[PDB]
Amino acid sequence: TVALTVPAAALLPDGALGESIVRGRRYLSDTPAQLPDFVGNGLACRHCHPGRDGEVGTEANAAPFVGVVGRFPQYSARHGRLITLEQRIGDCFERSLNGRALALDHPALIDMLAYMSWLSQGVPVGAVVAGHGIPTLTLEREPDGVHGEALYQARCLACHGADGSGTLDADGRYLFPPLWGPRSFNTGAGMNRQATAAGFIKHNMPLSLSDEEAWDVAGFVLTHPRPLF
C-alpha cells in the first residue's frame, strides 16, 4: 500500500480546476442543500466519509477518497460488470442518500470527481492507500440487540437521539446525522449491512468500543425501519 496524504488547500491552483475542486468539496460536505433534486434524505457524503479541516473523505477506515480515482473502473458484483467512479458515486446517491444519481456529465458530479482527484494527487494508478474503505467487523455469533440497546443509550444516544433521528445544527444541516428513520440511509446502502455498520462504528464511533460492543450496537441500530430501496 501507499500512505494516506492530504494535500494542502493553500496549494490549490488558480483557475478552472481550482474552482471546480472548491465546488466539489461543498457538494460532498453540504449535499442535501446543494443538490436537493438528487438527495432524498438528510445525509451529506461527509456523514460517512468524514474529513478534518473542512475536507471530506480524508479519514483512514472511514472510506477516504484519497486514492479512490486510481481504483476505478472496477468490477461490481452489484452491477454484474465493471463500473466507473461516476457510477459508484451514483450508487451512494441512490442508496446512502436515498436519492437519484446525477447524470454522468453533470457539472456537480465532475466537480466531485475533480475534488477526489485533487485528494488523490501523487497516488499511483492501481495503488491501494492505507486506510481505504471501511474495514468490516465480523464476529462468530449473532449480534445481541438487547446489549446493543443498552450500549446505544450509554454511548450514542446523546448525539444520535433516542429516536435515531439525529441533531440539526443552526443552519439546518445535521450536526449528528440520523441512524434510522425516514431521513437516514435506505436499505440498499452498505451501511445497512451488519459487518459494514459494525466496522464503521468500531473504527469511528463514538467521536472507543470493543469488537463485541461495536457488533452488538450495530445490531441494535439495524433493527429499525428506514426507507426501502
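One rule holds for the numbers: they count along the sequence shown, beginning at 1.
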Of the deposited residues between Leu207 and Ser208, the number without coordinates is 4 to 9
Can you let me know which of the two, 97-105 or 84-92, has the higher average C-alpha B-factor in the entry? 97-105
Looking only at C-alpha temperature factors in the entry, 1-9 or 219-227, the higher average sits in 1-9
Per the coordinate record, which of the options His132, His147, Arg71, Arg78 holds the highest CA temperature factor? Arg78
Quick one: which of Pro50, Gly181, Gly166, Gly67 shows the highest Cα temperature factor in the PDB entry? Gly181
Split the chain's modelled residues into thirds by Cα B-factor; is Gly57 in the lowest, middle or highest one? lowest
For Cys45, does the deposited CA B-factor place it in the lowest, middle or highest third of the chain? lowest
Using the B-factors in the PDB entry, rank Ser117's C-alpha atom against the chain and give the third, lowest, middle or highest. lowest
Using the B-factors in the PDB entry, rank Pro177's C-alpha atom against the chain and give the third, lowest, middle or highest. lowest
Among the modelled residues of its chain, does the C-alpha B-factor of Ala170 lie in the lowest, middle or highest third? highest
